[PDB]
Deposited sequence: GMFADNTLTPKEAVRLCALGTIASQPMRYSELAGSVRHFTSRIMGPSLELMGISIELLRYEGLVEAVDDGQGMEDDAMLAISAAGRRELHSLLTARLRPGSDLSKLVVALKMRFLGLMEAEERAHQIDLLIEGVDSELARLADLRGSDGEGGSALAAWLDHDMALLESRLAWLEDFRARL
């Protein structure tokens, strides 16, 4: 499974592999893509595009940049790597909140469910932003699917909240 720095690198190397770009454009794109999927991700702000040029993964010509042979190998290595159910700890935390819901006071239980609804709403809005009409891509297909499951989760949470 990839480290957060490797996930950001995968995003940068894949983005630059399609078409050459200016440093500012690449940084802006990676920041937008990663933050729409993961939320603000403030811990990743230091993971900048400057290091890629340092290791010869990206080459020049606010400079216009492009991928290199070393960058393409790193790209394939990163891209063809396994996921894990480890590296999505929120599933455990939510499962623990559900399991120990009775240990909280009534008011606090309702509040915790309100917070989960707020989070799903927020996540749907970010994915809708990223999705933008005009399908065909694996990404557009995946985003439509992920949003459909999120809409079901939102309805389930609202049902739950209404039963409390």
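**Q** What portions of the deposited sequence, indexed from 1, have no corresponding C-alpha atom in the structure?
**A** Gaps vs deposited seq, in order: 1-6, 68-75, 147-148.
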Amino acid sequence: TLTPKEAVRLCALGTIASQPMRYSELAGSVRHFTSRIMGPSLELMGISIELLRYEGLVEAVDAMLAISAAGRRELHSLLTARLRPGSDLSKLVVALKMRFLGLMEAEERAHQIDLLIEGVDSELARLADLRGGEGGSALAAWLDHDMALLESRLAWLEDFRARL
From here on, numbers count along this sequence of modelled residues.
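**Q** Which wins on mean Cα temperature factor, 143-151 or 16-24?
**A** Stretch with the greater average CA B-factor: 16-24.
**Q** Which of the two stretches, 93-101 or 51-59, shows the higher mean Cα temperature factor in the record?
**A** Comparing 93-101 with 51-59, the higher average CA B-factor belongs to 51-59.
**Q** Checking the record values for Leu65, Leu116, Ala106, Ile37, which has the greatest CA B factor?
**A** Checking the PDB record, the top C-alpha B-factor among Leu65, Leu116, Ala106, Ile37 is at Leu65.
**Q** Considering every modelled residue of the chain and its Cα B-factor in the PDB entry, is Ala162 in the lowest, middle or highest third?
**A** Answer is lowest: the recorded C-alpha B-factor places it there.
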